[PDB]
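Source file: start_38.txt; contents: compact mmCIF, C-alpha atoms.
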```txt
# COMPACT_ATOMS: atom_id res chain seq x y z
CA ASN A 1 -107.58 -14.10 52.35
CA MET A 2 -107.54 -15.87 48.93
CA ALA A 3 -108.70 -18.99 47.09
CA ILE A 4 -105.27 -20.24 46.14
CA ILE A 5 -103.21 -18.88 49.05
CA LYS A 6 -105.32 -19.48 52.15
CA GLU A 7 -104.96 -17.62 55.44
CA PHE A 8 -103.42 -20.75 56.98
CA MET A 9 -101.03 -22.81 54.84
CA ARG A 10 -98.72 -25.76 55.48
CA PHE A 11 -95.50 -26.65 53.63
CA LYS A 12 -93.15 -29.61 53.23
CA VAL A 13 -89.45 -29.04 52.60
CA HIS A 14 -86.64 -31.28 51.40
CA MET A 15 -83.02 -30.08 51.39
CA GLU A 16 -80.01 -31.87 49.96
CA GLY A 17 -76.69 -30.27 50.40
CA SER A 18 -73.06 -30.34 51.28
CA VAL A 19 -70.92 -28.03 53.42
CA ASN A 20 -67.13 -28.25 53.02
CA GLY A 21 -67.74 -31.61 51.38
CA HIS A 22 -69.95 -33.04 54.15
CA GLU A 23 -73.12 -34.31 52.47
CA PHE A 24 -76.48 -34.27 54.25
CA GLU A 25 -80.23 -34.22 53.80
CA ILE A 26 -83.02 -32.56 55.83
CA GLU A 27 -86.79 -33.09 55.76
CA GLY A 28 -89.23 -30.79 57.42
CA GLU A 29 -92.79 -29.54 57.69
CA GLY A 30 -93.96 -26.02 58.30
CA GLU A 31 -97.08 -23.96 58.73
CA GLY A 32 -98.02 -20.31 58.98
CA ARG A 33 -100.27 -17.41 58.08
CA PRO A 34 -99.16 -16.02 54.74
CA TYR A 35 -100.98 -12.71 55.03
CA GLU A 36 -99.80 -12.10 58.62
CA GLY A 37 -96.16 -12.77 57.72
CA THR A 38 -95.56 -15.50 60.32
CA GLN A 39 -94.52 -19.14 60.04
CA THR A 40 -92.87 -22.00 61.88
CA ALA A 41 -91.13 -25.14 60.80
CA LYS A 42 -89.87 -28.39 62.32
CA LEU A 43 -86.78 -29.77 60.58
CA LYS A 44 -85.12 -33.18 60.94
CA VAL A 45 -81.69 -34.17 59.69
CA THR A 46 -82.27 -37.39 57.75
CA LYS A 47 -78.80 -38.05 56.25
CA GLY A 48 -75.33 -36.97 57.32
CA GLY A 49 -76.17 -36.13 60.92
CA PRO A 50 -75.03 -34.87 63.31
CA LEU A 51 -73.97 -31.98 61.08
CA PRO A 52 -70.36 -30.84 61.68
CA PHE A 53 -71.26 -27.18 61.07
CA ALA A 54 -73.51 -24.42 62.37
CA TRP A 55 -77.23 -24.92 61.75
CA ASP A 56 -77.53 -21.16 61.28
CA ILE A 57 -76.19 -21.24 57.71
CA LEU A 58 -79.16 -23.50 56.80
CA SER A 59 -81.94 -21.70 58.64
CA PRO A 60 -82.69 -18.99 56.02
CA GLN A 61 -83.28 -21.63 53.35
CA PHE A 62 -86.34 -23.24 54.81
CA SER A 63 -90.41 -19.28 52.43
CA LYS A 64 -91.29 -15.87 51.10
CA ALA A 65 -94.90 -16.69 50.28
CA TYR A 66 -95.33 -15.84 53.99
CA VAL A 67 -94.41 -12.15 53.87
CA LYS A 68 -97.03 -9.66 54.98
CA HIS A 69 -97.48 -7.06 52.21
CA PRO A 70 -99.44 -3.81 52.26
CA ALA A 71 -102.05 -3.52 49.55
CA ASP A 72 -99.99 -1.03 47.50
CA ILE A 73 -97.01 -3.40 47.10
CA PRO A 74 -97.73 -6.26 44.64
CA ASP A 75 -97.17 -9.59 46.35
CA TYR A 76 -95.35 -11.16 43.41
CA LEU A 77 -94.50 -14.43 45.13
CA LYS A 78 -98.06 -15.08 46.30
CA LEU A 79 -99.36 -14.18 42.82
CA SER A 80 -97.03 -16.81 41.29
CA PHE A 81 -99.20 -19.64 42.61
CA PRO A 82 -100.46 -22.21 41.88
CA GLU A 83 -97.51 -22.70 39.54
CA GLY A 84 -95.10 -21.17 42.04
CA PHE A 85 -91.58 -19.81 41.73
CA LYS A 86 -87.86 -20.59 41.94
CA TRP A 87 -85.15 -18.79 43.87
CA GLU A 88 -81.34 -18.73 43.73
CA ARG A 89 -79.09 -17.33 46.41
CA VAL A 90 -75.46 -16.47 47.12
CA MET A 91 -74.30 -15.93 50.72
CA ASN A 92 -70.74 -14.59 51.01
CA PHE A 93 -69.31 -14.65 54.54
CA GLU A 94 -66.63 -12.28 55.77
CA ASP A 95 -64.02 -15.06 56.28
CA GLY A 96 -64.37 -16.45 52.75
CA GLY A 97 -67.09 -19.03 53.34
CA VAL A 98 -69.65 -19.26 50.52
CA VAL A 99 -73.10 -20.82 50.37
CA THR A 100 -75.04 -21.12 47.12
CA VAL A 101 -78.65 -22.27 47.11
CA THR A 102 -81.30 -23.15 44.50
CA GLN A 103 -84.91 -23.75 45.41
CA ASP A 104 -88.21 -24.70 43.78
CA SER A 105 -91.56 -23.77 45.33
CA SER A 106 -94.82 -25.34 44.13
CA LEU A 107 -98.29 -26.00 45.48
CA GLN A 108 -99.62 -29.55 45.58
CA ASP A 109 -102.86 -30.72 47.19
CA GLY A 110 -103.18 -27.41 48.99
CA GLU A 111 -99.70 -27.48 50.62
CA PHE A 112 -96.56 -25.74 49.50
CA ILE A 113 -93.72 -28.03 48.37
CA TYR A 114 -90.17 -26.74 48.76
CA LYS A 115 -87.12 -28.46 47.21
CA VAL A 116 -83.75 -27.00 48.22
CA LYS A 117 -80.22 -27.71 46.97
CA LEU A 118 -77.33 -26.16 48.93
CA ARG A 119 -73.54 -26.03 48.54
CA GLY A 120 -71.31 -24.49 51.21
CA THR A 121 -67.59 -24.18 50.43
CA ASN A 122 -64.36 -22.55 51.59
CA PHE A 123 -65.32 -22.24 55.28
CA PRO A 124 -62.13 -22.09 57.39
CA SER A 125 -61.78 -25.19 59.52
CA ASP A 126 -61.11 -22.75 62.44
CA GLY A 127 -64.01 -20.40 61.78
CA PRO A 128 -67.32 -20.08 63.61
CA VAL A 129 -69.31 -22.15 61.12
CA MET A 130 -67.21 -25.31 61.21
CA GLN A 131 -66.62 -24.84 64.95
CA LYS A 132 -70.37 -24.33 65.69
CA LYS A 133 -69.85 -21.00 67.46
CA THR A 134 -72.82 -19.11 65.98
CA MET A 135 -75.87 -18.06 68.01
CA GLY A 136 -78.51 -16.92 65.55
CA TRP A 137 -79.17 -14.12 63.05
CA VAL A 138 -79.76 -10.53 64.08
CA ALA A 139 -83.02 -9.03 62.75
CA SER A 140 -82.41 -7.90 59.20
CA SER A 141 -83.86 -6.00 56.23
CA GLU A 142 -83.84 -7.32 52.65
CA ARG A 143 -83.87 -4.58 50.01
CA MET A 144 -86.03 -5.66 47.07
CA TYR A 145 -86.09 -4.46 43.47
CA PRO A 146 -87.29 -5.73 40.10
CA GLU A 147 -84.72 -6.50 37.43
CA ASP A 148 -84.81 -8.41 34.10
CA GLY A 149 -88.25 -9.83 34.76
CA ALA A 150 -87.44 -11.18 38.22
CA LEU A 151 -87.55 -9.93 41.82
CA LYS A 152 -84.16 -9.42 43.42
CA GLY A 153 -83.25 -9.00 47.02
CA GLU A 154 -80.02 -8.04 48.76
CA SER A 155 -79.24 -8.02 52.51
CA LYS A 156 -76.43 -7.44 54.96
CA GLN A 157 -76.66 -10.18 57.56
CA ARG A 158 -74.99 -10.72 60.96
CA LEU A 159 -74.62 -13.85 63.08
CA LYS A 160 -74.13 -13.50 66.82
CA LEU A 161 -71.23 -15.51 68.25
CA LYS A 162 -70.68 -17.41 71.53
CA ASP A 163 -67.75 -15.11 72.32
CA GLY A 164 -70.00 -12.05 72.15
CA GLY A 165 -68.75 -11.00 68.72
CA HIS A 166 -70.39 -11.11 65.32
CA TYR A 167 -69.84 -12.76 61.95
CA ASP A 168 -71.11 -10.95 58.88
CA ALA A 169 -72.38 -12.00 55.48
CA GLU A 170 -73.90 -10.52 52.34
CA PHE A 171 -76.92 -12.21 50.78
CA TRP A 172 -78.07 -11.89 47.14
CA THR A 173 -81.23 -13.66 46.00
CA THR A 174 -83.18 -13.79 42.75
CA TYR A 175 -86.85 -14.89 42.84
CA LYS A 176 -88.55 -15.79 39.57
CA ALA A 177 -92.20 -16.70 39.10
CA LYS A 178 -92.99 -19.58 36.75
CA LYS A 179 -95.57 -17.33 35.00
CA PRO A 180 -95.29 -13.59 34.30
CA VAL A 181 -97.05 -11.95 37.23
CA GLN A 182 -96.88 -8.35 38.44
CA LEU A 183 -93.51 -7.25 39.87
CA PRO A 184 -93.38 -4.67 42.68
CA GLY A 185 -91.27 -1.56 42.81
CA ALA A 186 -88.43 -1.31 45.30
CA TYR A 187 -89.29 -1.92 48.97
CA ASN A 188 -87.87 -3.47 52.13
CA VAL A 189 -88.69 -6.74 53.86
CA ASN A 190 -88.00 -6.77 57.61
CA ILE A 191 -87.14 -10.26 58.78
CA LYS A 192 -86.74 -11.86 62.19
CA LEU A 193 -85.68 -15.52 62.12
CA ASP A 194 -85.41 -17.45 65.40
CA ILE A 195 -84.40 -20.94 66.38
CA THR A 196 -87.11 -21.69 68.92
CA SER A 197 -85.94 -25.16 70.00
CA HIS A 198 -83.35 -27.78 69.14
CA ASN A 199 -81.90 -30.98 70.48
CA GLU A 200 -78.26 -31.15 71.66
CA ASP A 201 -76.77 -32.08 68.30
CA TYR A 202 -79.18 -30.00 66.13
CA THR A 203 -80.61 -33.05 64.40
CA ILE A 204 -84.09 -31.83 65.39
CA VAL A 205 -84.69 -28.06 65.07
CA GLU A 206 -87.69 -25.73 65.18
CA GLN A 207 -87.71 -22.26 63.65
CA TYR A 208 -89.99 -19.22 63.61
CA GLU A 209 -89.92 -16.34 61.15
CA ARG A 210 -91.78 -13.04 60.95
CA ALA A 211 -91.45 -11.03 57.72
CA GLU A 212 -93.15 -7.84 56.59
CA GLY A 213 -92.76 -5.62 53.54
CA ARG A 214 -92.59 -1.86 54.09
CA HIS A 215 -91.92 1.13 51.88
CA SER A 216 -88.28 2.08 51.43
CA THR A 217 -87.01 5.17 53.12
CA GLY A 218 -84.13 5.43 50.61
CA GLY A 219 -81.21 3.38 52.01
```

Once you've parsed the file, please lay out its structure as structure tokens.
Amino acid sequence: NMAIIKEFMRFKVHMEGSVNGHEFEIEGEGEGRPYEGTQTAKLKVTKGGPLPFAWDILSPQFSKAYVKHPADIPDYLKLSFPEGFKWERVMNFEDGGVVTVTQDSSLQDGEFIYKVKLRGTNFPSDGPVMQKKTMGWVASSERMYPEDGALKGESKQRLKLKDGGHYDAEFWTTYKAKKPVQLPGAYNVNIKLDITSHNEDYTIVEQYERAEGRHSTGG
């Protein structure tokens, strides 16, 4: 519980982006329990729909204030509020596709405000992203560490495919508070991110995420 970060918190998110040159925008609203590590969101494509690419490359960009942390791991991103934090991400896919993301998180009138900019490039026209063959992310673990006054995370990620195969990516993210709050040591964040409902052309999508920090066991 907390005065700034309450046990139940809503957010609003705006994304502008392009993937292989296709421009789009998304608006959404979310809610969750920041100290329990759970959240949901409802997203709507508002420009450029229906998207000609897999929703799954967008789903991890819609909220790490909602990670459950044990008391002995400083919860840097919660401590950054009310001012908030920024994050920057590179996602390199095994077939050469690249997604870069920048994000601003703030708190306004008791709700989080998320502003996302996204650029996907170099996806093969034949690959599973532009052919919409992906079927969600496998549960994953983000390895966290402090560096140069920011919190960094790195993860190996895997998308399931309609043909029963998999499509891998590496994620690198830097999270920086707008004020100089306490950084944690190294630890792991276990993440499960699900698409819980969508319409036929993925112009209306709902997501759920559970995330929890746990002590590293070395790897």

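Residue nearest residue 97 in chain A within the list A:118, A:19, A:5, A:144: A:19 [criterion: smallest interatomic distance, all atoms listed in the file].
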
Could you build a table of the residues in range 5-54 of chain A lying no more than 12 Å from range 78-93 of chain A, giving for each the nearest pair of atoms and their separation in Å rounded to one decimal place, using all atoms listed in the file, ordered by chain and ascending residue number, as a Markdown table?
```
| residue | atom | partner | partner_atom | distance |
| --- | --- | --- | --- | --- |
| A:5 | CA | A:78 | CA | 7.0 |
| A:6 | CA | A:78 | CA | 10.3 |
| A:7 | CA | A:78 | CA | 11.7 |
| A:9 | CA | A:78 | CA | 11.9 |
| A:34 | CA | A:78 | CA | 8.6 |
| A:35 | CA | A:78 | CA | 9.5 |
| A:37 | CA | A:78 | CA | 11.8 |
```

Atoms to include: C-alpha atoms. Write the selected residues as a CSV table (one decimal), in the frame of the given file.
```csv
chain,number,residue,atom,x,y,z
A,5,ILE,CA,-103.2,-18.9,49.0
A,6,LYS,CA,-105.3,-19.5,52.2
A,7,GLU,CA,-105.0,-17.6,55.4
A,9,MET,CA,-101.0,-22.8,54.8
A,34,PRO,CA,-99.2,-16.0,54.7
A,35,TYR,CA,-101.0,-12.7,55.0
A,37,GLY,CA,-96.2,-12.8,57.7
```

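Residues in contact with residue 131 in chain A at 12 Å, where only C-alpha atoms are counted and same-chain residues fewer than 2 positions away are skipped, are listed as residues 51, 52, 53, 54, 55, 123, 124, 125, 126, 127, 128, 129, 133, 134, 135, 161 and 162 of chain A.
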
May I have the selected residues written with C-alpha atoms, as an mmCIF file, keeping the file's coordinate frame?
```cif
data_model
loop_
_atom_site.group_PDB
_atom_site.id
_atom_site.type_symbol
_atom_site.label_atom_id
_atom_site.label_comp_id
_atom_site.auth_asym_id
_atom_site.auth_seq_id
_atom_site.Cartn_x
_atom_site.Cartn_y
_atom_site.Cartn_z
ATOM 1 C CA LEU A 51 -73.970 -31.980 61.080
ATOM 2 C CA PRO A 52 -70.360 -30.840 61.680
ATOM 3 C CA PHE A 53 -71.260 -27.180 61.070
ATOM 4 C CA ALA A 54 -73.510 -24.420 62.370
ATOM 5 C CA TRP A 55 -77.230 -24.920 61.750
ATOM 6 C CA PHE A 123 -65.320 -22.240 55.280
ATOM 7 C CA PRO A 124 -62.130 -22.090 57.390
ATOM 8 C CA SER A 125 -61.780 -25.190 59.520
ATOM 9 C CA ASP A 126 -61.110 -22.750 62.440
ATOM 10 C CA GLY A 127 -64.010 -20.400 61.780
ATOM 11 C CA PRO A 128 -67.320 -20.080 63.610
ATOM 12 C CA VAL A 129 -69.310 -22.150 61.120
ATOM 13 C CA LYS A 133 -69.850 -21.000 67.460
ATOM 14 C CA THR A 134 -72.820 -19.110 65.980
ATOM 15 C CA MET A 135 -75.870 -18.060 68.010
ATOM 16 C CA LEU A 161 -71.230 -15.510 68.250
ATOM 17 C CA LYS A 162 -70.680 -17.410 71.530
#
```

Can you sort out the box for range 54-68 of chain A, edges along x, y and z, all listed atoms in, 3 Å on every side, with centre and edge lengths in Å to one decimal, as AutoDock Vina command-line options?
```
--center_x -85.3 --center_y -17.3 --center_z 56.3 --size_x 29.5 --size_y 21.3 --size_z 18.1
```

Need the shell around residue 207 in chain A: protein/DNA/RNA residues with any atom at most 8 Å away, counting all atoms listed in the file. Skip same-chain ones fewer than 4 positions apart. Format as a PDB file with C-alpha atoms, in the coordinates of the input?
```
ATOM      1  CA  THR A  40     -92.870 -22.000  61.880  1.00  0.00           C
ATOM      2  CA  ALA A  41     -91.130 -25.140  60.800  1.00  0.00           C
ATOM      3  CA  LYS A  42     -89.870 -28.390  62.320  1.00  0.00           C
ATOM      4  CA  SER A  59     -81.940 -21.700  58.640  1.00  0.00           C
ATOM      5  CA  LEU A 193     -85.680 -15.520  62.120  1.00  0.00           C
ATOM      6  CA  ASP A 194     -85.410 -17.450  65.400  1.00  0.00           C
ATOM      7  CA  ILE A 195     -84.400 -20.940  66.380  1.00  0.00           C
ATOM      8  CA  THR A 196     -87.110 -21.690  68.920  1.00  0.00           C
ATOM      9  CA  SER A 197     -85.940 -25.160  70.000  1.00  0.00           C
TER      10      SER A 197
END
```

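Note that CA of residue 50 in chain A and CA of residue 23 in chain A are 11.0 Å apart.
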
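Going from CA of residue 29 in chain A over to CA of residue 110 in chain A, you cover 13.7 Å.
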
So which residues touch residue 67 in chain A within 9 Å, counting only C-alpha atoms, skipping near sequence neighbours fewer than 6 positions away, as an NGL selection string? :A and (33-38 or 75 or 78 or 189 or 191 or 210-213)

Those residues with C-alpha atoms, as a short mmCIF file (atom, residue, chain, number, x, y, z; two decimals), in the frame of the given file please?
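out-v6.cif, written as the output of this step:
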```cif
data_model
loop_
_atom_site.label_atom_id
_atom_site.label_comp_id
_atom_site.auth_asym_id
_atom_site.auth_seq_id
_atom_site.Cartn_x
_atom_site.Cartn_y
_atom_site.Cartn_z
CA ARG A 33 -100.27 -17.41 58.08
CA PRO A 34 -99.16 -16.02 54.74
CA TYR A 35 -100.98 -12.71 55.03
CA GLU A 36 -99.80 -12.10 58.62
CA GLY A 37 -96.16 -12.77 57.72
CA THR A 38 -95.56 -15.50 60.32
CA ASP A 75 -97.17 -9.59 46.35
CA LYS A 78 -98.06 -15.08 46.30
CA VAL A 189 -88.69 -6.74 53.86
CA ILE A 191 -87.14 -10.26 58.78
CA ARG A 210 -91.78 -13.04 60.95
CA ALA A 211 -91.45 -11.03 57.72
CA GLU A 212 -93.15 -7.84 56.59
CA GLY A 213 -92.76 -5.62 53.54
#
```

Taking the block just given, write range 122-150 of chain A to a file that holds N, CA, C and O atoms, as a PDB file, in the first residue's frame.
```pdb
ATOM      1  N   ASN A 122      12.752  -3.851 -41.112  1.00  0.00           N
ATOM      2  CA  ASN A 122      13.539  -4.979 -41.613  1.00  0.00           C
ATOM      3  C   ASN A 122      12.859  -6.310 -41.332  1.00  0.00           C
ATOM      4  O   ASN A 122      13.529  -7.337 -41.261  1.00  0.00           O
ATOM      5  N   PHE A 123      11.515  -6.335 -41.123  1.00  0.00           N
ATOM      6  CA  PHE A 123      10.882  -7.662 -41.034  1.00  0.00           C
ATOM      7  C   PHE A 123      10.705  -8.264 -42.422  1.00  0.00           C
ATOM      8  O   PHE A 123      10.208  -7.586 -43.319  1.00  0.00           O
ATOM      9  N   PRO A 124      11.091  -9.520 -42.632  1.00  0.00           N
ATOM     10  CA  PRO A 124      10.916 -10.116 -43.969  1.00  0.00           C
ATOM     11  C   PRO A 124       9.444 -10.157 -44.320  1.00  0.00           C
ATOM     12  O   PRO A 124       8.602 -10.500 -43.491  1.00  0.00           O
ATOM     13  N   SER A 125       9.141  -9.816 -45.573  1.00  0.00           N
ATOM     14  CA  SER A 125       7.739  -9.844 -45.992  1.00  0.00           C
ATOM     15  C   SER A 125       7.129 -11.226 -45.808  1.00  0.00           C
ATOM     16  O   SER A 125       5.913 -11.338 -45.603  1.00  0.00           O
ATOM     17  N   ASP A 126       7.964 -12.289 -45.861  1.00  0.00           N
ATOM     18  CA  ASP A 126       7.584 -13.699 -45.724  1.00  0.00           C
ATOM     19  C   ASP A 126       7.595 -14.211 -44.299  1.00  0.00           C
ATOM     20  O   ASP A 126       7.186 -15.352 -44.072  1.00  0.00           O
ATOM     21  N   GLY A 127       8.048 -13.421 -43.327  1.00  0.00           N
ATOM     22  CA  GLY A 127       8.253 -13.951 -42.004  1.00  0.00           C
ATOM     23  C   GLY A 127       6.985 -13.920 -41.153  1.00  0.00           C
ATOM     24  O   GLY A 127       5.943 -13.402 -41.576  1.00  0.00           O
ATOM     25  N   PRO A 128       7.059 -14.463 -39.935  1.00  0.00           N
ATOM     26  CA  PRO A 128       5.836 -14.677 -39.165  1.00  0.00           C
ATOM     27  C   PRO A 128       5.216 -13.388 -38.675  1.00  0.00           C
ATOM     28  O   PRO A 128       4.026 -13.378 -38.333  1.00  0.00           O
ATOM     29  N   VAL A 129       5.959 -12.294 -38.615  1.00  0.00           N
ATOM     30  CA  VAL A 129       5.370 -11.038 -38.154  1.00  0.00           C
ATOM     31  C   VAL A 129       4.515 -10.421 -39.244  1.00  0.00           C
ATOM     32  O   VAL A 129       3.335 -10.120 -39.019  1.00  0.00           O
ATOM     33  N   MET A 130       5.056 -10.263 -40.447  1.00  0.00           N
ATOM     34  CA  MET A 130       4.254  -9.658 -41.502  1.00  0.00           C
ATOM     35  C   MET A 130       3.198 -10.608 -42.029  1.00  0.00           C
ATOM     36  O   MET A 130       2.199 -10.134 -42.584  1.00  0.00           O
ATOM     37  N   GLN A 131       3.352 -11.913 -41.818  1.00  0.00           N
ATOM     38  CA  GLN A 131       2.310 -12.870 -42.203  1.00  0.00           C
ATOM     39  C   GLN A 131       1.359 -13.234 -41.069  1.00  0.00           C
ATOM     40  O   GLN A 131       0.470 -14.085 -41.281  1.00  0.00           O
ATOM     41  N   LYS A 132       1.481 -12.594 -39.886  1.00  0.00           N
ATOM     42  CA  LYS A 132       0.543 -12.797 -38.775  1.00  0.00           C
ATOM     43  C   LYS A 132       0.438 -14.269 -38.372  1.00  0.00           C
ATOM     44  O   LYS A 132      -0.647 -14.826 -38.217  1.00  0.00           O
ATOM     45  N   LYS A 133       1.590 -14.902 -38.181  1.00  0.00           N
ATOM     46  CA  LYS A 133       1.643 -16.312 -37.821  1.00  0.00           C
ATOM     47  C   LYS A 133       2.019 -16.537 -36.361  1.00  0.00           C
ATOM     48  O   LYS A 133       2.226 -17.686 -35.947  1.00  0.00           O
ATOM     49  N   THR A 134       2.124 -15.477 -35.558  1.00  0.00           N
ATOM     50  CA  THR A 134       2.539 -15.654 -34.173  1.00  0.00           C
ATOM     51  C   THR A 134       1.334 -15.907 -33.274  1.00  0.00           C
ATOM     52  O   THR A 134       0.193 -15.561 -33.609  1.00  0.00           O
ATOM     53  N   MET A 135       1.592 -16.593 -32.157  1.00  0.00           N
ATOM     54  CA  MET A 135       0.551 -17.046 -31.232  1.00  0.00           C
ATOM     55  C   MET A 135       0.945 -16.823 -29.789  1.00  0.00           C
ATOM     56  O   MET A 135       0.683 -17.675 -28.922  1.00  0.00           O
ATOM     57  N   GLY A 136       1.566 -15.677 -29.495  1.00  0.00           N
ATOM     58  CA  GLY A 136       1.769 -15.277 -28.116  1.00  0.00           C
ATOM     59  C   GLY A 136       3.157 -15.604 -27.584  1.00  0.00           C
ATOM     60  O   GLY A 136       3.863 -16.471 -28.086  1.00  0.00           O
ATOM     61  N   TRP A 137       3.570 -14.859 -26.553  1.00  0.00           N
ATOM     62  CA  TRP A 137       4.879 -15.013 -25.935  1.00  0.00           C
ATOM     63  C   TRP A 137       4.874 -16.116 -24.901  1.00  0.00           C
ATOM     64  O   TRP A 137       3.957 -16.206 -24.067  1.00  0.00           O
ATOM     65  N   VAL A 138       5.924 -16.908 -24.888  1.00  0.00           N
ATOM     66  CA  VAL A 138       6.159 -17.866 -23.810  1.00  0.00           C
ATOM     67  C   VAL A 138       6.510 -17.086 -22.546  1.00  0.00           C
ATOM     68  O   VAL A 138       7.119 -16.008 -22.632  1.00  0.00           O
ATOM     69  N   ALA A 139       6.175 -17.633 -21.383  1.00  0.00           N
ATOM     70  CA  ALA A 139       6.591 -17.013 -20.107  1.00  0.00           C
ATOM     71  C   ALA A 139       8.092 -16.760 -20.141  1.00  0.00           C
ATOM     72  O   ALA A 139       8.819 -17.615 -20.632  1.00  0.00           O
ATOM     73  N   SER A 140       8.507 -15.641 -19.558  1.00  0.00           N
ATOM     74  CA  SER A 140       9.905 -15.242 -19.708  1.00  0.00           C
ATOM     75  C   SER A 140      10.456 -14.660 -18.407  1.00  0.00           C
ATOM     76  O   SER A 140       9.740 -14.454 -17.421  1.00  0.00           O
ATOM     77  N   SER A 141      11.770 -14.434 -18.385  1.00  0.00           N
ATOM     78  CA  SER A 141      12.437 -13.866 -17.217  1.00  0.00           C
ATOM     79  C   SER A 141      13.335 -12.731 -17.684  1.00  0.00           C
ATOM     80  O   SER A 141      14.171 -12.942 -18.567  1.00  0.00           O
ATOM     81  N   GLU A 142      13.180 -11.549 -17.102  1.00  0.00           N
ATOM     82  CA  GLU A 142      14.010 -10.399 -17.470  1.00  0.00           C
ATOM     83  C   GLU A 142      15.066 -10.269 -16.386  1.00  0.00           C
ATOM     84  O   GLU A 142      14.745 -10.217 -15.200  1.00  0.00           O
ATOM     85  N   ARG A 143      16.338 -10.276 -16.784  1.00  0.00           N
ATOM     86  CA  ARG A 143      17.438 -10.155 -15.841  1.00  0.00           C
ATOM     87  C   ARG A 143      17.762  -8.678 -15.681  1.00  0.00           C
ATOM     88  O   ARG A 143      18.057  -7.998 -16.671  1.00  0.00           O
ATOM     89  N   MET A 144      17.685  -8.188 -14.454  1.00  0.00           N
ATOM     90  CA  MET A 144      17.810  -6.759 -14.156  1.00  0.00           C
ATOM     91  C   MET A 144      19.153  -6.445 -13.525  1.00  0.00           C
ATOM     92  O   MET A 144      19.691  -7.253 -12.777  1.00  0.00           O
ATOM     93  N   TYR A 145      19.700  -5.258 -13.822  1.00  0.00           N
ATOM     94  CA  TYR A 145      20.917  -4.837 -13.139  1.00  0.00           C
ATOM     95  C   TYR A 145      21.033  -3.329 -13.240  1.00  0.00           C
ATOM     96  O   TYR A 145      20.585  -2.726 -14.230  1.00  0.00           O
ATOM     97  N   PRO A 146      21.611  -2.696 -12.252  1.00  0.00           N
ATOM     98  CA  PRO A 146      21.865  -1.244 -12.324  1.00  0.00           C
ATOM     99  C   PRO A 146      23.109  -0.935 -13.136  1.00  0.00           C
ATOM    100  O   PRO A 146      24.124  -1.628 -13.035  1.00  0.00           O
ATOM    101  N   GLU A 147      23.049   0.152 -13.909  1.00  0.00           N
ATOM    102  CA  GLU A 147      24.247   0.566 -14.643  1.00  0.00           C
ATOM    103  C   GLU A 147      24.117   2.049 -14.993  1.00  0.00           C
ATOM    104  O   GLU A 147      23.098   2.459 -15.550  1.00  0.00           O
ATOM    105  N   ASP A 148      25.177   2.824 -14.722  1.00  0.00           N
ATOM    106  CA  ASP A 148      25.238   4.244 -15.113  1.00  0.00           C
ATOM    107  C   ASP A 148      23.997   5.007 -14.662  1.00  0.00           C
ATOM    108  O   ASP A 148      23.446   5.833 -15.401  1.00  0.00           O
ATOM    109  N   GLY A 149      23.565   4.734 -13.441  1.00  0.00           N
ATOM    110  CA  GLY A 149      22.473   5.504 -12.868  1.00  0.00           C
ATOM    111  C   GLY A 149      21.112   5.171 -13.406  1.00  0.00           C
ATOM    112  O   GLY A 149      20.170   5.924 -13.150  1.00  0.00           O
ATOM    113  N   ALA A 150      20.954   4.043 -14.080  1.00  0.00           N
ATOM    114  CA  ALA A 150      19.681   3.583 -14.599  1.00  0.00           C
ATOM    115  C   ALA A 150      19.518   2.098 -14.282  1.00  0.00           C
ATOM    116  O   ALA A 150      20.450   1.425 -13.831  1.00  0.00           O
TER     117      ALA A 150
END
```
